[PDB]
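Working through the structure, step by step
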Amino acid sequence: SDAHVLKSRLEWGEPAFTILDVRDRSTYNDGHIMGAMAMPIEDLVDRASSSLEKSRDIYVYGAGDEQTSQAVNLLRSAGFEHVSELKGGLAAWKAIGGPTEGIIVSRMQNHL
Amino acid sequence: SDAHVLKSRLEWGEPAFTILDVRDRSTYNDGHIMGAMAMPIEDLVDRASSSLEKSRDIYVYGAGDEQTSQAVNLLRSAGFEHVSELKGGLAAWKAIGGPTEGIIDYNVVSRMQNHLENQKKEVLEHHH
Ligand SMILES: [Mn+2]
Ligand SMILES: [Mn+2]
C-alpha cells in the first residue's frame, strides 16, 4: 500500500490499525515511523499473534522489499487477514513528509 | 516522586500508570520521557479528564519544579486521585539512564500524536 494512505490513516482515520516495523531493534530505535511497533522479523509471528487480533488492519515495512514481503507472508501464514506492505518503507514515508520518531532500556522495552 | 520510582515501574512493574509531559508541544517533540503523552498545562485538565480515569496512577513533569507542581495541583483539584510529580523532570530522568523519545506541518504531527494517544490501552479503558 501507498505511504500517502497510511499518513491519512494516522492523521484522520479510525484508530484500528497497526504499523509493524520489522527491522532490527536498534535500527527501529534510531528511527521509525511514528506509531510503529517494534516487531523484528526473527520473532514477528510469535509476537504478533500474542498481541494482535487477526482481523486488525496491519501495515508492515522492513529494510527493503524482500524483508517486507517476507514479513507479510509470515503474518498471513499465521492467520492474519488484513496485512499489506508499506511500499517504499521508511524512505518513502519520509519523502512525503511523514514524521519519524527515535529513541535515545532494552529491559524496559522487553518487560513492556 | 523520584524518577527512580518510575524507572522501576517501567523495568519491573505493572503498566498501571500514565506519564504526562505538561511542557510546550514543540519541546515535547524535541524530546520527552519514553511513553509520555503530550499534555501542555494550558490544556491539561480538559485533555486529561476526557482521556484518563481519575483513579489512574499518573506521573507529571513540566519545565521546572514550579510548573510541575502547578500541573499536579490542577489535576488533583480536578479529581485525579493518584497524581505524583516527577521531580527533576526530563533532566532528572536522563541523569539516571532514562531513555528519551523524540520527533523528527505542526498540525500534522499533533493530529497523529492525538490519534496514537486515543489508541493507548488506558485511554481506551476510560472510553470503554
Ligand atoms: Mn515510537
Ligand atoms: Mn504555551
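The paragraphs below set out a description of the structure included in this document.

1. Some points on the sheet that holds strand β4 (residues 57-61) of chain A
Residues and elements named next belong to chain A. The sheet built from four strands is open, its strands ordered β3-β1-β4-β5 with parallel pairing. The open sheet terminates on both sides in strands that have one partner only, identified here as β3 (37-38) and β5 (83-85). In this sheet, β5 lies alongside β4 in parallel orientation, the contact comprising three bridges. The partner of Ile 58 across the bridge, within β5, is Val 83. On top of the sheet, helix α1 (residues 3-12) reaches β1 (17-21) and β4; it is set at about 125 degrees to β1, its chief contact. The strands touched by helix α4 (residues 65-77) are β1, β4 and β5; relative to β5, the strand with the most contacts, the crossing angle is about 175 degrees.

2. Let's talk about α4 of chain A
Residues and elements named next belong to chain A. Here α4 contains 13 residues, and its C-alpha end-to-end distance of 18 Å stays within 8% of the 18 Å for a straight helix at 1.5 Å per residue. Within α4 the residues assigned to the buried category are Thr 68, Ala 71, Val 72 and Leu 75. Along the axis of α4, the buried residues cluster in a sector spanning 100 degrees; they form a single face. Exposed residues on α4 whose side chains face more than 90 degrees from its buried face are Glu 66 and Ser 77. The inward-facing, buried residues of α4 abut β1, α3 (44-49), β4 and β5. Where α4 terminates, the next one or two residues include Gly 79, which has phi positive at roughly 105 degrees.

3. Considering the environment of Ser 51 of chain A
If you trace the backbone, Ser 51 of chain A turns up in the loop between α3 and β4. The sequence separation of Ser 51 of chain A and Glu 101 of chain A amounts to 50 residues, and the corresponding C-alpha distance is 22 Å.

4. Observations concerning the coordination of the manganese ion (ligand 1)
Residues and elements named next belong to chain A. Every protein donor of the manganese ion (ligand 1) is listed here as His 32 (NE2) and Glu 101 (OE), and their distances to the metal cover 1.9 to 2.3 Å. Here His 32, found in strand β2 (residues 32-33), pairs with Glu 101, found in strand β6 (residues 100-103); they are 69 residues apart in sequence, far enough to count as distant. You can call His 32 buried: its relative accessible area is 1%.

5. Looking at the interface of chain A and chain B
Contacts between chain A and chain B engage 21 residues on the former and 20 residues on the latter. Sorting the residues of the side of chain A that touches chain B by element identifies α1, β1, β6 and α6 (106-111) of chain A as the ones contributing at least two each. Ranked by the residues each element gives to the side of chain A that touches chain B, the list is headed by β6 of chain A, at four residues. Residue composition of the side of chain A that touches chain B, grouped by class: eleven nonpolar, six polar and four charged. Of the strand pairs in this sheet, β6 of chain A and strand β6 (residues 100-103) of chain B are connected by three bridges, and their pairing is antiparallel. What sits directly across from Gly 102 of chain A, in β6 of chain B, is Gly 102 of chain B.

6. Topic: the side chain of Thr 18 of chain B
Residues and elements named next belong to chain B. Within the element layout of this structure, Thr 18 appears in strand β1 (residues 17-21). Taking relative accessible area as the criterion, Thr 18 reaches 1% and is therefore assigned buried. Setting aside chain neighbours within four positions, we find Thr 18 in contact with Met 37, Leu 52, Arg 56, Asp 57, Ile 58, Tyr 59 and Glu 122.

7. A few points about the pairing of β1 of chain B
Along a regular strand, successive side chains alternate from one face of the sheet to the other. All names here are of chain B. Counting buried positions over the five residues of β1 gives five, a clear majority of the element. Residues of β1 alternate between two faces, with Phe 17, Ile 19 and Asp 21 on one and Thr 18 and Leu 20 on the opposite face, all of them buried. Looking at chain direction, β1 and strand β4 (residues 57-61) are connected through five bridges and run parallel. Looking at β4, one finds that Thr 18 is bridged to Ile 58. Sheet analysis places β1 next to strand β3 (residues 37-38), joined by two bridges and oriented parallel. Paired with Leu 20 across the strands is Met 37, a residue of β3.

Rules and cut-offs
- Residues numbered from 1 in each chain as written, not as in the entry; some residues may be left out.
- Chains lettered and ligands numbered in written order.
- Heavy atoms only, no water.
- Residues with missing side-chain atoms left out of burial classes, pairs and counts.
- Pairing = 2+ DSSP bridges.
- Helix = DSSP H or I, 4+ residues; strand = E, 2+ residues; numbered from the N terminus.
- Contact = heavy atoms within 4.5 Å.
- Axes fitted to C-alpha atoms, helices over the stretch in contact; angles between N-to-C directions.
- Expected span 1.5 Å × (residues − 1).
- Buried < 20%, exposed > 50% of the residue type's maximum accessible area, 1.4 Å probe, protein only.
- Arc of directions from axis to C-beta.
- Donors = N, O, S within 2.8 Å, 3.2 Å for Na, K, Ca; no water.
- Nonpolar A, V, L, I, M, F, W, Y, C, P; charged D, E, K, R; others polar.

Functional significance is not addressed by these values, which are geometric in nature.
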